[PDB]
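Only one chain is shown below, in structure tokens, and it's the form deposited in one PDB entry.
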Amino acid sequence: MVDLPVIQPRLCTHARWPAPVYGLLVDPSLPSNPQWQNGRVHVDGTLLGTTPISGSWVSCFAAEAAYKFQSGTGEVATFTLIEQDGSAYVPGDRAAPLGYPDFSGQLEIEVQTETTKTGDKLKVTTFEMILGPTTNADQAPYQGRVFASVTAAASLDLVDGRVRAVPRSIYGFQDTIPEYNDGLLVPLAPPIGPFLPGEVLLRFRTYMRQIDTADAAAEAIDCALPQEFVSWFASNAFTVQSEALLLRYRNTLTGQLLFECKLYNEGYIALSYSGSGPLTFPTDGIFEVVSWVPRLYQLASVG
């Protein structure tokens, strides 16, 4: 009964950073059980963590913005968070409003700002915002409050109002959960897993606009499923009949079978891979459902 969208990964949207999927790989040297909060969905359509339906919510947030100038810091924004559709954010059984960044580092954000300065009214201001892992900024998106700032010699004379912060760049990226509640624990989607012996997480990879003073290397970020798959399951609400789905990743024009894998019901894909180094795969294939299989189903190894 379960089917998947007939869309090549390279044409899909990334579920943790708003950009195209560029890579498909396994890498045993990376954390094998990441606790990502976006891009998390059960095959029966249940959204986990802070996963939104719309890809445009990924790594963004909406807020009632209040501004004030502080010497030595600049224009400071206090963001009282709302859900990105305008509805109120109520702290509950997840870490933050839907789509809130689930990684760490220093994030440049862009928001609509209105000024009272003559000859000026509307413009887009870039703010800096520390995400995590730990901070002295007391970020608490779980309680609906985060702080950002932009350097400025004097007040930008900003009008308080509603905003949607969209991500401009990352600085000092770390793929670990951010400060959701001033260091306190929050409700989290569990780490991705478990896996059988010899199984590894399939990673859909994009790259993040980056600030880096010394190194030009691109900043990779992975997710368990492209956003199209997230929305696909959330909408279809399939009936789950076992523990996992046997998928075949195949080239649609040649029929060449590239590899088989297991889409566990908890929303992650495993491949059987014994090597130690990374193994990248072509991104122009199509995932197709074979059948339901039990957790213990042993895959054919890759590479």
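The first residue of the sequence shown is number 1, and the count goes up from there. Between two forms, the rigid core is defined as the largest C-alpha subset superposing within 1.5 Å. Shifts are known only where both forms have a C-alpha.
Below, we refer to the form deposited in another entry, which is not included among the displayed structures.
In a core superposition between this form and the one not shown, the Cα of 212 is the only one among 212, 85, 138, 160 shifting by 2 Å or more. Relative to the superposed rigid core, the position of the CA of residue 104 differs between this form and the one not shown by less than 2 Å.
Once the cores line up, the CA of residue 122 ends up 2 angstroms or more apart between this form and the one not shown. Annotation for residue 231: C-alpha shift under 2 angstroms between this form and the one not shown, rigid core superposed. With a change of no less than 3 Å, the CA-CA distance between residue 86 and residue 113 is smaller in the other entry than in the form shown. In the other entry, the Cα atoms of residue 157 and residue 121 sit 3 Å or more farther from each other than they do here. Mapped along the sequence, displacements between this form and the one not shown of 2 angstroms or more at every C-alpha, sustained over at least 3 residues after core alignment, occur at 113-123, 133-135, 212-218.
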